[PDB]
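Worksheet: one structure, shown below.
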Ligand SMILES: Nc1ncnc2c1ncn2[C@@H]1O[C@H](COP(=O)(O)OP(=O)(O)O)[C@@H](O)[C@H]1O
Ligand SMILES: Nc1ncnc2c1ncn2[C@@H]1O[C@H](COP(=O)(O)OP(=O)(O)O)[C@@H](O)[C@H]1O
Ligand SMILES: [Mg+2]
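Residue numbers (the deposited numbering), protein chains in the order written: chain 5, 344 to 392; chain 3, 2 to 269, 281 to 518, 542 to 656.
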C-alpha cells in the first residue's frame, strides 16, 4: 500500500541509466543508487526482495 | 638408418611457396631488411605476420594453421636457404634458424579455459599470467671425447625432440673405447643449449566469477629463456602437442598436453622538433591546459601532474652518494572534486602505473617479502607493488585510511628509493625508485575553513616533509562557477561517438575542433592529441638538462627569503614545514620545467614557475 513515488523510483532503478566512456579514457557511472531510511515496520525489506 | 626419400611433392612445393613468399624483389616487402637486421644483431629467428601470409597465399596459411610441424620445418629450411643466399658466411655459425608468428589468428585466439583437444597439433594463441618458473638448465646436443691411451678424439650427435619418438639406442653417453680404454670428457668442445619451463594461468579479471582457474604448461627453448618472469601478463603463440610417456607395458590412455612456445609477447621527429622550438613556454602552457578535457579547471594540479610525468634528474657522485629525483604529491579536498578521476587518468596515461588503495594492500604486499621454497629449502624474494613499479607511478586512493606501519615502510622508498630486506640466510637491497600520487579525505568529512590546515590534515611533520607538494581543493558554491560546471558536465553527457547511430545500445599534432567537446568560443585555440603528447613526454623524459649558475644563487636567496618570511607570514597559516628538502624540491621542479621545453640548460623562468607553485601550495588563507 502507498509509496507510488517510491515504486516509480524503484522502476527507474530497474531500468537504469546509460554508461558513457570518453575519449580521454575516463568513464562516468550509468547506474542509479538509492537509500531508504525509516522506522521499523515500514515495508522496506519486502521491496528489496 | 640408410633409408632416404627421393621425391615428395607436398614438401617441395611448400618450400618453393615459402621461397617465393620471402623474395621481396618485385614487391614492397620488408623481410629482406629484416634479415639484414638479424644479421646485424646476431639474432637467429624471424617473426612473420600470419595475416600477411594469408593475404599473399591463403592456402599456405590454412595449411600452416591446420598443420604446424611440417610447415614450420619448411619455413626453417627456407630461412636457411635465404640466409645462405644473402650471406653464406653468417649461416655457418648456427645449425638452423627459427620462425615466429604474429597477427590476428581469429578463431584460434583461445583462452586457457577454452583450449581443447580440437586444437591439437595446430598453432594457437593464448593470453595469461605467469605463476611458476624454473631455473635455467643446459642440455647436451653434441658431445666430444678424447682417449689418452690411443690419442684419438670422437664426437657423438644427439637429437631427442627433433624426432617425434626416441629409442634406447640414442641418448647413450659414451664412456669407454672399443678396447675398454677410458675416455675423458672434454666439456669445452661439446655443445649445450638452455632450457626452462613456465606455467601460465588465466587472468583473474577474465575468468568467470567464483570459478577455479585453469592453467597451461610451456617449455622455453634456448632463445626465449629469460623472456618471462613470474607475476607477468603475457601472450604466447605456439604449438599444442601431446607428451610421449616413457616405455611401459600397460597404458591408461591419457596423455599429457604441453604447449611448445614459438613466440612470447609482453602485452602493452621533425614535428616534435618544430613544435618545441617554436613554442618553448607554450609547450608546457598547452600541455597543462590540454591535460584532460574531461576535468574542469584546477590548473595547479594539472601542472603538478605534468611535473610528475616529466620528473627530475637522478644524480650520482664519487662517494657513491645517491640524490633523489622523483616528485611526490598529496591532494586533500571535499567530496566530488574529481580526485579519483585524476588518479585514473594518470593510470591510463603513464607507462608503468599501478593503483594501490589504502587498505587494499598492506605493508608486506607493498614492498616485498621473503618465502622459504619448500621444493629446495632455500629462501626466495617476492617483489611487492613498489618494487615492480621501478621508474614508474604508484597511485594511492584514500591515502588517509592507510595504517601507520605501512607509511613508515613507504618512508624507505620515498627518501632513498631502495628497499633493504633481511632474514637469516639471505639479505638484499632492491631498487624501488618510484613516484607516488595520494588522495586523502579531510578528517571532518568536509574541509573546515576556519581551522588551520594542520588540524584538518592530521598528519605528522615527517610524513609531510616526505611529500614534495600538498594541494587543497574546495567546492565553492558560486552560482557562475556552478553554471560553468553544469555546462561542461552536460556538454560531455550529450556527446556521442562519431560513427555510432543515435539511440544505439552498448596523426595530427593538434586535435580536430569539436562543437561540443570544445565549443564555439574555443575555435581560436586547439588541444594536443594524446599520441603526440605521449611521444613528446617520452622524448622530454629522455632529455638531460643541466643547471645554470644564474639560477642557483637566485633559488638559494629565495629559500633563505622563505625561511625568514616564516616570521613574516602572520595573516595566513602554513600547510607544510620548510626543511632542507624544499631546496631539492625547487631544483627538481626547475629541472622538470626545463624538461617540458626541450633545451640544454635550466633557465630563470623555470625557477620562477617552480617558486610560484611552491608559494601557492605551501600557504593558504
Ligand atoms: N503497506 C503495506 N502493505 C502490505 N503489507 C505490509 C504493509 N506494511 C507492512 N506490511 C507487512 O509488514 C511486514 C513488514 O516487515 P518488513 O518489511 O521486514 O519491515 P522492514 O522492511 O522495516 O524491516 C511485511 O511482511 C508486510 O507483509
Ligand atoms: N572539475 C570537474 N569537472 C568535471 N566533472 C567533475 C568535476 N568535479 C567533480 N566532477 C564530477 O563529480 C564526480 C566526482 O566523483 P569522484 O571523482 O569519485 O569524487 P571524489 O574522488 O572526490 O570522491 C565525478 O563523476 C565527476 O564527473
Ligand atoms: Mg575519490
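Don't be surprised by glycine CBs; every beta carbon is placed ideally from N, CA and C.
Residue i - DSSP class collapsed to helix/strand/coil
i: residue 89 (chain 3); result: coil
i: residue 367 (chain 3); result: strand
i: residue 479 (chain 3); result: coil
i: residue 139 (chain 3); result: strand
i: residue 390 (chain 3); result: coil
i: residue 50 (chain 3); result: strand
i: residue 533 (chain 3); result: Residue 533 (chain 3) falls within a stretch that is absent from the model, since chain 3 runs 518 to 542 with no residues between.
i: residue 599 (chain 3); result: helix
i: residue 383 (chain 3); result: strand
i: residue 123 (chain 3); result: coil
i: residue 545 (chain 3); result: strand
i: residue 423 (chain 3); result: helix
i: residue 345 (chain 3); result: strand
i: residue 103 (chain 3); result: strand
i: residue 116 (chain 3); result: coil
i: residue 582 (chain 3); result: strand
i: residue 485 (chain 3); result: strand
Sequence-distant residues of its chain with Cβ nearer than 7 Å to residue i (five each side left out)
i: residue 601 (chain 3); result: 613
i: residue 383 (chain 3); result: 392 and 394
i: residue 192 (chain 3); result: 142 and 143
i: residue 176 (chain 3); result: 184
i: residue 111 (chain 3); result: 120, 125, 126 and 127
i: residue 419 (chain 3); result: 475
i: residue 23 (chain 3); result: 32, 79 and 83
Any non-hydrogen atom of ligand 3 closer than 7 Å to residue i Cβ
i: residue 409 (chain 3); result: yes
i: residue 79 (chain 3); result: no
i: residue 352 (chain 3); result: yes
i: residue 452 (chain 3); result: no
Closer than 8 Å to chain 5 by CB, residue i
i: residue 305 (chain 3); result: yes
i: residue 518 (chain 3); result: yes
i: residue 562 (chain 3); result: no
i: residue 568 (chain 3); result: no
i: residue 407 (chain 3); result: no
i: residue 364 (chain 3); result: no
i: residue 356 (chain 3); result: yes
i: residue 504 (chain 3); result: yes
i: residue 360 (chain 3); result: yes
i: residue 584 (chain 3); result: no
i: residue 77 (chain 3); result: no
i: residue 461 (chain 3); result: no
i: residue 353 (chain 3); result: yes
Own chain partners of residue i with C-beta closer than 8 Å, once the 5 adjacent residues on each side are dropped
i: residue 402 (chain 3); result: 364, 443, 444, 445 and 446
i: residue 635 (chain 3); result: 580 and 581
i: residue 221 (chain 3); result: 196, 197, 198, 199, 228, 229, 262 and 265
i: residue 477 (chain 3); result: 611, 612, 614 and 616
i: residue 485 (chain 3); result: 310, 313, 343, 344, 345, 346, 349 and 351
Cβ of residue i within 8 Å of any chain 3 Cβ
i: residue 348 (chain 5); result: no
i: residue 365 (chain 5); result: yes
i: residue 372 (chain 5); result: no
i: residue 378 (chain 5); result: no
i: residue 369 (chain 5); result: yes
Residue i beta carbon near ligand 1 (any heavy atom closer than 7 Å)
i: residue 385 (chain 5); result: yes
i: residue 106 (chain 3); result: no
i: residue 389 (chain 5); result: yes
i: residue 368 (chain 5); result: no
Distance cut-off 7 Å: residue i Cβ against heavy atoms of ligand 2
i: residue 308 (chain 3); result: yes
i: residue 547 (chain 3); result: no
i: residue 371 (chain 5); result: yes
i: residue 497 (chain 3); result: yes
i: residue 345 (chain 3); result: yes
i: residue 501 (chain 3); result: yes
How about the stretch 549–562 of chain 3 and the stretch 369–379 of chain 5: do they share at least three Cβ pairs that are nearer than 8 Å? A contact is defined here as three or more CB-CB pairs under 8 Å, and the stretch 549–562 of chain 3 fails this definition with respect to the stretch 369–379 of chain 5.
Taking 8 Å as the cut-off, does the stretch 256–266 of chain 3 touch the stretch 305–314 of chain 3 (at least 3 CB pairs, one atom from each stretch)? No contact exists between the stretch 305–314 of chain 3 and the stretch 256–266 of chain 3.
When you compare the stretch 237–248 of chain 3 with the stretch 297–309 of chain 3, are there three or more beta-carbon pairs, one atom per stretch, that lie closer than 8 Å? Using a C-beta cut-off of 8 Å, the stretch 237–248 of chain 3 makes no contact with the stretch 297–309 of chain 3, since fewer than three inter-stretch Cβ pairs fall below that distance.
Would you check if there are 3 or more beta carbon pairs closer than 8 Å linking the stretch 74–86 of chain 3 to the stretch 94–102 of chain 3? Using a C-beta cut-off of 8 Å, the stretch 74–86 of chain 3 makes contact with the stretch 94–102 of chain 3, since at least three inter-stretch Cβ pairs fall below that distance.
For the structure I just gave you, are there three or more beta carbon pairs, one from the stretch 429–441 of chain 3 and one from the stretch 318–325 of chain 3, closer than 8 Å? By the Cβ criterion, the stretch 429–441 of chain 3 is not in contact with the stretch 318–325 of chain 3, since fewer than three pairs of Cβ atoms, one from each stretch, lie closer than 8 Å.
Would you say the stretch 117–135 of chain 3 touches the stretch 230–237 of chain 3, given that touching needs at least three Cβ pairs under 8 Å? Result yes; three or more Cβ-Cβ pairs closer than 8 Å.
Do the stretch 326–340 of chain 3 and the stretch 446–459 of chain 3 make contact, defined as three or more Cβ pairs closer than 8 Å? Flag = yes, the stretch 326–340 of chain 3 and the stretch 446–459 of chain 3 touch.
Decide yes or no for the touch test of the stretch 626–633 of chain 3 against the stretch 567–576 of chain 3: beta carbon pairs closer than 8 Å, at least 3 of them. Short answer: they touch.
Report yes or no: do the stretch 398–412 of chain 3 and the stretch 594–608 of chain 3 share at least 3 C-beta pairs separated by less than 8 Å? Touching, no, given that fewer than three Cβ pairs across the two stretches are closer than 8 Å.
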